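Engineer: Got a structure for you, questions after.
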2 protein chains.
Amino acid sequence: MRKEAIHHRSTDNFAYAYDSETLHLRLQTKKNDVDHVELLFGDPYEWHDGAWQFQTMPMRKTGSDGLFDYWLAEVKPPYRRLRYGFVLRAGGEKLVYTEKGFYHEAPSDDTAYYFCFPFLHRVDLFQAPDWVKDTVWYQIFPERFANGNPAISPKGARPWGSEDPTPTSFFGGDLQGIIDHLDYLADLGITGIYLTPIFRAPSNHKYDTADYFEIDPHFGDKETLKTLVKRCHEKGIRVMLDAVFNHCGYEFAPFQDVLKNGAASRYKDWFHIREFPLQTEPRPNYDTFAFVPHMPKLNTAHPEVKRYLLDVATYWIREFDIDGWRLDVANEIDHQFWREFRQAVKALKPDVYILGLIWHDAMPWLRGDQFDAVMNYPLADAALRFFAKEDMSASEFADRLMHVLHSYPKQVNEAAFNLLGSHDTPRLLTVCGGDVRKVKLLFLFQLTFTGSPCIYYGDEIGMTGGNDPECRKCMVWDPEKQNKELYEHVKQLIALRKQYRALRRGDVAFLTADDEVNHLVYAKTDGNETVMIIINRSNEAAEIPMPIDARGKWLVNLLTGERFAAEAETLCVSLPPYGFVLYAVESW
Amino acid sequence: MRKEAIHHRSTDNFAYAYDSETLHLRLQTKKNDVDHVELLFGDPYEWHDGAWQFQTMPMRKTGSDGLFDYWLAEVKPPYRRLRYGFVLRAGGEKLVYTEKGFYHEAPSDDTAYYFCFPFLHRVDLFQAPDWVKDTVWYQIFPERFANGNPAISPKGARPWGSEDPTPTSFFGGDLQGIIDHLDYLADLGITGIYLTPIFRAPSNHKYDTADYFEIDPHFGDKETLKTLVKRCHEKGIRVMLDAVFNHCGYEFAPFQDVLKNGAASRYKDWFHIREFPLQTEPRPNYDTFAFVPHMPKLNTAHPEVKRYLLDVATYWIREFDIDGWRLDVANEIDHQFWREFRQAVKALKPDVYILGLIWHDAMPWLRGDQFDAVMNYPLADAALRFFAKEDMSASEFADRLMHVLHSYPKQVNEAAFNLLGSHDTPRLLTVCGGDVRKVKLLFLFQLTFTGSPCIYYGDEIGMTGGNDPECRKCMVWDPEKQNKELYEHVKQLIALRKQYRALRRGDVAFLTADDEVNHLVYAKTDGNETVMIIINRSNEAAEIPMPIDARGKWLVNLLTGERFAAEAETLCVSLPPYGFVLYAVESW
Ligand SMILES: OC[C@H]1O[C@@H]2O[C@H]3[C@H](O)[C@@H](O)[C@@H](O[C@H]4[C@H](O)[C@@H](O)[C@@H](O[C@H]5[C@H](O)[C@@H](O)[C@@H](O[C@H]6[C@H](O)[C@@H](O)[C@@H](O[C@H]7[C@H](O)[C@@H](O)[C@@H](O[C@H]8[C@H](O)[C@@H](O)[C@@H](O[C@H]1[C@H](O)[C@H]2O)O[C@@H]8CO)O[C@@H]7CO)O[C@@H]6CO)O[C@@H]5CO)O[C@@H]4CO)O[C@@H]3CO
Ligand SMILES: OC[C@H]1O[C@@H]2O[C@H]3[C@H](O)[C@@H](O)[C@@H](O[C@H]4[C@H](O)[C@@H](O)[C@@H](O[C@H]5[C@H](O)[C@@H](O)[C@@H](O[C@H]6[C@H](O)[C@@H](O)[C@@H](O[C@H]7[C@H](O)[C@@H](O)[C@@H](O[C@H]8[C@H](O)[C@@H](O)[C@@H](O[C@H]1[C@H](O)[C@H]2O)O[C@@H]8CO)O[C@@H]7CO)O[C@@H]6CO)O[C@@H]5CO)O[C@@H]4CO)O[C@@H]3CO
């Protein structure tokens with residue numbers, strides 16, 4: 001029984017509080033290295049006969065990547081506090097893993113041997129807005145969406161052409177447009193929209209922001225905005241704006257003032273500047289986004305900058321009653337700042353969803369003191385890799401997913417922002433090579449996977465385009481020109497997720513086979529509710545055997561409707577090329 | 001090459017900023033499973049040819065416990081950002097470890113694959129006061145040290161037998177006393193006293209706290225303290241106090257109130273009470289320390305308490321200028337409180353040492369937003385295990401030591417509070433079975449290890465006594481009944497640590513052999529200063545071999561002065577049973 005692979009710490013994804021009463025303890029072991037494993041536990045002060053009184057329940061296997069197996073244990077400390085150790089019987093061997101080491105028998109003279117989860121506090125608890133767990137997001141890069149009132153800038157008219165429209169010049173979008181095609185959304189079934197930056201700024205993309213307190217005229221005015229939110233909410237649609245706090249635009253008052261005066265400027269400390277005769281020759285002598293001079297890094301550490309932002313952050317939550325902030329390049333800001341940020345925001349509107357943009361691992365932020373969630377990129381990479389480019393197998397895929405899933409605490413996932421693409425990556429279609437078939441499978445997986453899914457304005461009606469700035473083509477409002485089949489597909493799937501909690505709140509369970517390198521089958525569960533998903537990611541007709549739960553009564557096809565009685569041990573499911581099917585199991 | 005054992009995550013002890021411009025990256029791998037390992041790094045936005053421009057430097061093995069070896073990479077990231085990966089070689093096998101997985105060749109099409117340490121913000125940087133690293137702590141339990149002005153309570157005056165007195169009832173210790181024996185301390189060499197709780201409370205010990213704003217009379221008064229404090233500083237001695245916040249006393253005003261009113265009392269929320277007919281029958285129906293009725297837990301979540309306690313914390317820092325708070329049962333309070341706590345305090349007096357009392361793994365609190373350090377109880381467990389009880393071998397010791405050490409970020413250990421005993425643990429001497437020899441070995445080890453050591457009043461003159469309240473015998477001031485040899489021993493060892501930088505803030509390195517069970521040989525290094533310690537943990541004269549570095553010119557005995565030319569491969573050192581020797585290796 002290899003020990004180099006047995007691991008647990010009482011922190012982050014291994015030990016945490018799920019709710020204000022239940023603790024979650026995850027243990028890591030090698031793949032099939034250990035048969036069973038029990039959670040040995042008890043309240044830290046429950047002593048008797050000079051020996052620590054303790055009881056022991058058993059942990060279940062909740063999945064495994066390509067190396068480890070993961071064990072979960074759900075427990076409620078009688079007296080809000082607990083000490084704990086692990087007991088793993090693998091074959092004839094029997095170990096007891098403790099913070100102090102491995103012992104052939106459970107020490108009982110002292111608690112010191114065991115890991116400890118002090119007090120389960122409700123305040124330290126991690127709780128993200130319960131609603132995002134049920135919404136379906138739709139991102140709409142304002143500029144290229146719909147032209148309502150022509151309070152637009154002077155240049156190019158809708159659809160430059162069939163291919164390649166878009167260099168780095170405007171088409172004239174605007175908030176009004178969104179308000180107008182607001183019926184479209186409500187029909188597609190979405191419940192939340194996320195607008196990319198919209199504050200007074202020089203580009204078609206509002207990231208090189210100029211004034212955070214003013215909405216870009218080319219988009220609208222306070223009136224226009226509060227109306228968009230009114231209509232939205234009115235229909236049950238939430239709104240999340242884009243918070244660009246890591247850096248500011250070149251036209252930002254204070255930064256401009258820094259050149260007007262140099263070392264003199266009353267705003268030097270608002271940025272990070274080394275050399276003062278600001279020269280951008282080889283490259284900026286001050287910290288800028290990547291190396292983009294026209295985008296200097298703010299100084300979230302400075303006292304003022306902090307209050308400038310903090311006010312902004314709250315300004316819109318109070319002035320327009322928005323529903324959340326997409327924090328841009330969030331990972332490049334001091335956690336302290338985010339701590340104050342969350343406090344300011346959450347003190348005004350608890351329900352404000354605080355989504356951050358972090359590409360890599362985000363444990364450091366999702367401790368419950370900073371972000372509500374983060375863009376689940378590691379997931380996207382996988383989905384595309386599997387369905388689009390067909391690089392990894394179904395198991396490799398299943399593995400990569402199990403792995404990420406287990407690197408955060410349970411609830412951290414339930415609020416994750418799962419997207420497949422955005423305004424920075426190649427349109428979902430083109431990445432599939434125009435094989436809509438694939439695109440539908442991507443939507444399926446994503447719309448039938450717990451988290452908080454988001455759709456990029458063009459993808460549902462089959463919009464094609466390469467990388468930036470191609471993914472940003474003007475939304476197609478020509479009935480004839482948009483793929484209604486893809487649209488109906490997403491529509492029904494969205495409404496499907498809408499009435500099958502399992503699909504949006506349950507846990508995944510891959511019944512993977514290291515043999516069916518192209519057959520992927522997983523099931524979502526929530527109490528009684530169980531939905532089975534089968535996918536033949538093959539270019540040939542396949543026959544995939546599906547495990548029918550013994551306890552099943554009925555078996556319904558969420559697509560076809562046909563509802564037949566389950567009966568055999570298994571159900572060989574026949575599917576066409578790149579085909580799929582959703583089955584809802586029963587109980588009686 | 002076992003992958004189940006390799007591990008790293010960008011966070012905690014694995015990836016942290018050491019200082020303003022330095023990052024430490026640790027890699028975990030199986031013991032001896034890997035020959036070499038190179039840190040593959042580079043800036044996130046550094047590009048050319050569409051290929052990410054990254055470079056490589058090699059990591060050094062910083063030691064290993066029982067199951068893993070450990071690697072450290074000290075990198076100075078320019079522009080402060082970094083995306084990085086590891087490259088571990090072996091018997092021809094060459095693997096590339098990235099957050100995204102294992103590859104036989106470092107990917108270069110996109111940084112997404114690599115681990116990431118975003119920005120190296122200064123404000124999030126962990127910085128515990130600096131002096132604590134350069135001090136040795138003497139801890140005194142007020143009620144049993146020295147008796148000055150007898151404003152003492154009415155009870156037994158001084159001892160009876162050599163170990164008889166002490167049941168759970170007074171003797172007359174008081175602050176004046178501490179003052180009247182400074183010379184003793186000043187002479188011993190200690191430079192910081194940490195004294196048990198001294199606030200109005202009806203108990204020989206003062207955790208039963210009844211008023212956090214008044215010095216229990218029996219010890220003295222406001223004026224007395226200002227003196228102790230005024231004088232200590234004068235002598236170069238710092239003062240730390242015991243903050244008892246996890247719970248209050250039974251005679252605590254606010255709790256008293258709640259006793260006669262219950263559902264009424266303005267203070268109903270100040271604590272934790274389920275059923276309101278407040279009863280201490282089979283056991284409290286309200287949250288209390290362990291199950292100690294007269295010690296109810298506080299609500300550090302409640303707005304008033306928080307303001308109350310935060311003021312207490314600040315009070316004794318303004319009015320008496322103390323240098324450090326000892327936070328008792330700290331692990332049972334919600335981190336948020338410890339964050340506000342740290343701010344209030346540090347804001348008033350940066351040098352305030354905020355030491356928490358956490359037994360188990362204290363990572364969650366050592367992120368830099370809460371405690372400055374914690375009681376190194378894991379290392380105390382090892383020491384005793386090895387020297388006194390003599391269970392584990394020199395290897396098992398050297399391992400546990402490497403394990404606890406590698407589980408925190410370097411600068412966290414530097415400020416760790418290294419104690420060997422308290423008023424809760426049995427006296428070394430008795431734990432050594434009365435073998436003063438072992439004892440001196442403990443002191444030797446303790447005063448040779450990096451951290452901030454703390455001697456327990458009495459242990460220097462070799463007092464005796466087992467568990468509570470044995471370890472609380474009145475202090476022996478009779479020159480006749482106090483081991484002058486031990487005192488004089490600890491004294492020159494302290495004076496040694498004070499003059500050999502390596503001994504106090506350097507790195508440890510065990511050269512112990514696996515077949516060795518009684519010979520402990522280790523070196524403390526810091527720059528060109530190198531101190532070698534040889535310990536014969538055997539009741540029998542021994543000959544231990546000690547390697548000498550090539551460059552070594554001299555080799556000086558620290559407690560003999562004897563100095564001799566290096567010139568040799570090894571130096572067989574002969575020691576008497578339970579012997580020890582400190583060598584300073586001068587080298588041109
Ligand atoms: O304010 C409370 C307390 O806080 C501090 O104590 C901390 C200490 O600094 C840490 O080192 C640590 O201790 C852990 C301990 O070392 C472990 O061994 C384990 O302890 C278990 C015991 O081994 C086990 O035997 C049993 O304990 C039973 C006792 O044996 C039994 O006698 C009785 O307990 C009575 C005490 O013995 C008695 O002294 C008295 O306690 C009061 C103290 O005398 C007084 O100084 C003060 O305590 C401080 C302490 O000084 C700080 O250093 O308040 C005490 C409260 O009255 O009365 C007790 C009456 O019940 O019953 C116990 C079973 O309940 O069980 C323990 C289980 O914990 O784990 C320890 C936890 O880490 O942590 C402590 C804070 O917990
Ligand atoms: O003004 C600059 C920029 O502003 C806007 O950009 C913002 C963007 O819209 C936001 O979404 C966010 O960006 C975050 C993004 O959401 C995350 O997904 C992520 O990005 C990672 C990349 O996805 C990943 O591929 C890798 O990227 C590396 C590339 O692979 C590598 O080829 C190279 O990049 C070069 C580009 O390929 C090249 O085209 C060129 O890029 C320029 C754009 O074409 C140009 O339009 C403009 O960008 C605007 C953008 O359009 C606005 O919407 O300037 C770009 C720079 O010249 O040059 C690149 C070399 O610099 O290098 C990258 C890595 O350096 O890793 C990344 C990081 O994980 O994180 C994004 C935040 O980092 O914020 C931006 C900025 O506000």
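How things are named: the first chain in the structure tokens is A, the next is B, and so on; residues count from 1 in each chain; ligands count from 1 in the order shown.
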May I have the residues within 8 Å of residue 173 of chain A as a ChimeraX atom specification, using only C-alpha atoms and disregarding those fewer than 3 positions away in the same chain?

Structural biologist: /A:142-148,152,170,177,218-219

Engineer: Show me, as a PyMOL selection string, the residues that have an atom within 9 Å of residue 163 of chain A when counting only C-alpha atoms, minus same-chain residues fewer than 5 positions from it.

Structural biologist: chain A and resi 464-465+470

Engineer: Using N, CA, C and O atoms, can you write the selected residues to a file as a PDB file, in the first residue's frame?

Structural biologist:
ATOM      1  N   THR A 464     -19.517  31.955 -37.252  1.00  0.00           N
ATOM      2  CA  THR A 464     -18.148  31.503 -37.486  1.00  0.00           C
ATOM      3  C   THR A 464     -17.112  32.631 -37.423  1.00  0.00           C
ATOM      4  O   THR A 464     -17.399  33.777 -37.766  1.00  0.00           O
ATOM      5  N   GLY A 465     -15.905  32.296 -36.987  1.00  0.00           N
ATOM      6  CA  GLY A 465     -14.857  33.292 -36.893  1.00  0.00           C
ATOM      7  C   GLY A 465     -13.622  32.716 -36.234  1.00  0.00           C
ATOM      8  O   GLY A 465     -13.710  31.765 -35.458  1.00  0.00           O
ATOM      9  N   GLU A 470     -11.538  38.214 -34.720  1.00  0.00           N
ATOM     10  CA  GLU A 470     -12.550  37.524 -35.507  1.00  0.00           C
ATOM     11  C   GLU A 470     -13.775  37.043 -34.749  1.00  0.00           C
ATOM     12  O   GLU A 470     -14.901  37.148 -35.245  1.00  0.00           O
TER      13      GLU A 470
END

Engineer: Near chain B, meaning an atom within 6 Å, which residues of chain A appear when counting only C-alpha atoms? Write them as a list in words.

Structural biologist: residues 4, 5, 45, 118, 119, 290, 331, 332 and 334 of chain A

Engineer: Among segment 314-498 of chain A, which ones does DSSP assign to strand (DSSP E) (computed from the backbone)? Answer as a ChimeraX atom specification.

Structural biologist: /A:324-327,353-356,373-374,454-456

Engineer: Would you kindly return, as a PyMOL selection string, each protein, DNA or RNA residue with an atom no farther than 12 Å from any atom of residue 544 of chain A, considering only C-alpha atoms and excluding same-chain residues fewer than 6 positions away?

Structural biologist: chain A and resi 511-513+515-522+533-538+570-576+579-581

Engineer: Excluding residue 151 of chain A and its own-chain neighbours fewer than 2 positions away, which residues fall within 8 Å of it when counting only C-alpha atoms? Please give them as an MDAnalysis selection string.

Structural biologist: chainID A and resid 149 153 174 217:220

Engineer: The selected residues should be written to file as an mmCIF file, in the first residue's frame (atoms: C-alpha atoms).

Structural biologist:
data_model
loop_
_atom_site.group_PDB
_atom_site.id
_atom_site.type_symbol
_atom_site.label_atom_id
_atom_site.label_comp_id
_atom_site.auth_asym_id
_atom_site.auth_seq_id
_atom_site.Cartn_x
_atom_site.Cartn_y
_atom_site.Cartn_z
ATOM 1 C CA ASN A 149 -30.102 54.305 -31.414
ATOM 2 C CA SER A 153 -19.213 56.713 -33.640
ATOM 3 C CA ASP A 174 -25.137 50.166 -28.050
ATOM 4 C CA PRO A 217 -21.680 57.802 -24.908
ATOM 5 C CA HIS A 218 -21.369 55.542 -27.946
ATOM 6 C CA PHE A 219 -23.215 52.942 -25.852
ATOM 7 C CA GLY A 220 -25.719 55.109 -24.017
#

Engineer: Give me, as a PyMOL selection string, the residues of segment 208-352 of chain A that a backbone DSSP run labels helix (DSSP H, G or I).

Structural biologist: chain A and resi 222-235+253-264+268-270+303-319+330-332+335-348

Engineer: Which residue, A:384, A:558, A:292, A:392, has the smallest gap to residue 438 of chain A when you use only C-alpha atoms?

Structural biologist: A:384

Engineer: Can you pull out every residue within 9 Å of residue 201 of chain A, counting only C-alpha atoms, but drop anything in the same chain fewer than 3 positions away, and send it as a list in words?

Structural biologist: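 Residues near the query, excluding close chain neighbours: residues 198, 204, 205, 206, 207, 208, 209, 210, 211, 215, 216, 249, 251 and 252 of chain A.
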
Engineer: What does the file look like for those residues with N, CA and C atoms, as a PDB file, in the first residue's frame?

Structural biologist:
ATOM      1  N   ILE A 198     -18.073  48.672 -20.515  1.00  0.00           N
ATOM      2  CA  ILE A 198     -18.886  49.722 -21.146  1.00  0.00           C
ATOM      3  C   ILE A 198     -18.687  51.133 -20.572  1.00  0.00           C
ATOM      4  N   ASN A 204     -12.939  49.897 -29.319  1.00  0.00           N
ATOM      5  CA  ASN A 204     -14.157  49.143 -29.580  1.00  0.00           C
ATOM      6  C   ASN A 204     -14.329  48.198 -28.395  1.00  0.00           C
ATOM      7  N   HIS A 205     -13.213  47.896 -27.728  1.00  0.00           N
ATOM      8  CA  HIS A 205     -13.195  47.058 -26.528  1.00  0.00           C
ATOM      9  C   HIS A 205     -12.917  48.071 -25.416  1.00  0.00           C
ATOM     10  N   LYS A 206     -13.768  48.086 -24.402  1.00  0.00           N
ATOM     11  CA  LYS A 206     -13.636  49.058 -23.321  1.00  0.00           C
ATOM     12  C   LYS A 206     -12.689  48.719 -22.169  1.00  0.00           C
ATOM     13  N   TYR A 207     -11.561  48.068 -22.450  1.00  0.00           N
ATOM     14  CA  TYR A 207     -10.631  47.709 -21.374  1.00  0.00           C
ATOM     15  C   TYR A 207      -9.600  48.794 -21.044  1.00  0.00           C
ATOM     16  N   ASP A 208      -9.243  49.600 -22.038  1.00  0.00           N
ATOM     17  CA  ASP A 208      -8.307  50.693 -21.817  1.00  0.00           C
ATOM     18  C   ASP A 208      -9.208  51.833 -21.378  1.00  0.00           C
ATOM     19  N   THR A 209      -9.864  51.623 -20.241  1.00  0.00           N
ATOM     20  CA  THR A 209     -10.808  52.580 -19.682  1.00  0.00           C
ATOM     21  C   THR A 209     -10.274  53.985 -19.364  1.00  0.00           C
ATOM     22  N   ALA A 210     -11.135  54.979 -19.588  1.00  0.00           N
ATOM     23  CA  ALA A 210     -10.810  56.387 -19.367  1.00  0.00           C
ATOM     24  C   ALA A 210     -11.458  56.965 -18.106  1.00  0.00           C
ATOM     25  N   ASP A 211     -12.747  56.692 -17.905  1.00  0.00           N
ATOM     26  CA  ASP A 211     -13.450  57.152 -16.709  1.00  0.00           C
ATOM     27  C   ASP A 211     -14.442  56.097 -16.271  1.00  0.00           C
ATOM     28  N   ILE A 215     -20.577  56.120 -18.423  1.00  0.00           N
ATOM     29  CA  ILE A 215     -20.859  55.120 -19.445  1.00  0.00           C
ATOM     30  C   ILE A 215     -20.479  55.708 -20.800  1.00  0.00           C
ATOM     31  N   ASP A 216     -19.814  54.917 -21.636  1.00  0.00           N
ATOM     32  CA  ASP A 216     -19.405  55.421 -22.941  1.00  0.00           C
ATOM     33  C   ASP A 216     -20.595  55.901 -23.764  1.00  0.00           C
ATOM     34  N   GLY A 249      -6.955  52.938 -18.542  1.00  0.00           N
ATOM     35  CA  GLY A 249      -6.619  53.350 -19.896  1.00  0.00           C
ATOM     36  C   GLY A 249      -5.596  54.473 -19.966  1.00  0.00           C
ATOM     37  N   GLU A 251      -6.007  57.239 -21.506  1.00  0.00           N
ATOM     38  CA  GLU A 251      -6.704  58.510 -21.371  1.00  0.00           C
ATOM     39  C   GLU A 251      -7.259  58.764 -19.964  1.00  0.00           C
ATOM     40  N   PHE A 252      -6.872  57.922 -19.011  1.00  0.00           N
ATOM     41  CA  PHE A 252      -7.330  58.070 -17.629  1.00  0.00           C
ATOM     42  C   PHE A 252      -6.771  59.372 -17.058  1.00  0.00           C
TER      43      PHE A 252
END

Engineer: So how many Å separate atom CA of residue 90 of chain B and atom CA of residue 62 of chain B, to one decimal?

Structural biologist: 17.8 Å

Engineer: Would you kindly return, as a list in words, each protein, DNA or RNA residue with an atom no farther than 9 Å from any atom of residue 524 of chain A, considering only C-alpha atoms and excluding same-chain residues fewer than 4 positions away?

Structural biologist: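 Here the answer would be residues 448, 449, 450, 502, 503, 504, 505, 506, 507, 508, 509, 529, 530, 531, 532 and 533 of chain A.
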
Engineer: Restricting the output to N, CA and C atoms, write the selected residues as a PDB file, in the first residue's frame.

Structural biologist:
ATOM      1  N   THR A 448     -25.407  20.444 -19.510  1.00  0.00           N
ATOM      2  CA  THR A 448     -25.847  19.351 -18.667  1.00  0.00           C
ATOM      3  C   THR A 448     -24.766  18.983 -17.646  1.00  0.00           C
ATOM      4  N   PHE A 449     -24.018  19.998 -17.216  1.00  0.00           N
ATOM      5  CA  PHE A 449     -22.921  19.852 -16.252  1.00  0.00           C
ATOM      6  C   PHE A 449     -23.101  20.919 -15.178  1.00  0.00           C
ATOM      7  N   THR A 450     -23.073  20.516 -13.914  1.00  0.00           N
ATOM      8  CA  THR A 450     -23.278  21.480 -12.845  1.00  0.00           C
ATOM      9  C   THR A 450     -22.245  22.599 -12.811  1.00  0.00           C
ATOM     10  N   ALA A 502     -30.780  17.828 -11.191  1.00  0.00           N
ATOM     11  CA  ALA A 502     -29.600  16.990 -11.326  1.00  0.00           C
ATOM     12  C   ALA A 502     -28.626  17.580 -12.333  1.00  0.00           C
ATOM     13  N   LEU A 503     -29.146  17.965 -13.493  1.00  0.00           N
ATOM     14  CA  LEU A 503     -28.320  18.528 -14.550  1.00  0.00           C
ATOM     15  C   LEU A 503     -27.621  19.816 -14.133  1.00  0.00           C
ATOM     16  N   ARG A 504     -28.237  20.589 -13.243  1.00  0.00           N
ATOM     17  CA  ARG A 504     -27.622  21.848 -12.817  1.00  0.00           C
ATOM     18  C   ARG A 504     -27.137  21.925 -11.366  1.00  0.00           C
ATOM     19  N   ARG A 505     -27.384  20.878 -10.580  1.00  0.00           N
ATOM     20  CA  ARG A 505     -26.945  20.876  -9.192  1.00  0.00           C
ATOM     21  C   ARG A 505     -26.383  19.552  -8.694  1.00  0.00           C
ATOM     22  N   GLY A 506     -26.566  18.489  -9.473  1.00  0.00           N
ATOM     23  CA  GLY A 506     -26.069  17.185  -9.064  1.00  0.00           C
ATOM     24  C   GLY A 506     -24.580  16.972  -9.248  1.00  0.00           C
ATOM     25  N   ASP A 507     -24.108  15.780  -8.893  1.00  0.00           N
ATOM     26  CA  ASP A 507     -22.694  15.436  -9.029  1.00  0.00           C
ATOM     27  C   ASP A 507     -22.527  14.581 -10.280  1.00  0.00           C
ATOM     28  N   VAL A 508     -21.370  14.698 -10.927  1.00  0.00           N
ATOM     29  CA  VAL A 508     -21.098  13.921 -12.129  1.00  0.00           C
ATOM     30  C   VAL A 508     -20.687  12.517 -11.709  1.00  0.00           C
ATOM     31  N   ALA A 509     -20.688  11.583 -12.652  1.00  0.00           N
ATOM     32  CA  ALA A 509     -20.302  10.208 -12.374  1.00  0.00           C
ATOM     33  C   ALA A 509     -20.013   9.578 -13.713  1.00  0.00           C
ATOM     34  N   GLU A 529     -33.608  12.140  -8.244  1.00  0.00           N
ATOM     35  CA  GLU A 529     -33.273  12.584  -9.593  1.00  0.00           C
ATOM     36  C   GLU A 529     -31.923  12.089 -10.123  1.00  0.00           C
ATOM     37  N   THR A 530     -32.003  11.352 -11.230  1.00  0.00           N
ATOM     38  CA  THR A 530     -30.848  10.779 -11.902  1.00  0.00           C
ATOM     39  C   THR A 530     -31.002  10.918 -13.408  1.00  0.00           C
ATOM     40  N   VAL A 531     -30.058  11.605 -14.052  1.00  0.00           N
ATOM     41  CA  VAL A 531     -30.085  11.757 -15.508  1.00  0.00           C
ATOM     42  C   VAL A 531     -28.833  11.116 -16.078  1.00  0.00           C
ATOM     43  N   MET A 532     -29.032  10.291 -17.094  1.00  0.00           N
ATOM     44  CA  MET A 532     -27.963   9.556 -17.743  1.00  0.00           C
ATOM     45  C   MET A 532     -27.629  10.257 -19.055  1.00  0.00           C
ATOM     46  N   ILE A 533     -26.345  10.398 -19.365  1.00  0.00           N
ATOM     47  CA  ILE A 533     -25.957  11.031 -20.617  1.00  0.00           C
ATOM     48  C   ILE A 533     -25.055  10.103 -21.395  1.00  0.00           C
TER      49      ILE A 533
END

Engineer: One decimal, in Å: what's the spacing between atom CA of residue 320 of chain A and atom CA of residue 241 of chain A?

Structural biologist: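 Those two atoms sit 10.8 Å apart.
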
Engineer: Using only C-alpha atoms, which of the listed residues (B:399, B:586, B:328, B:340) sits closest to residue 314 of chain B?

Structural biologist: B:340
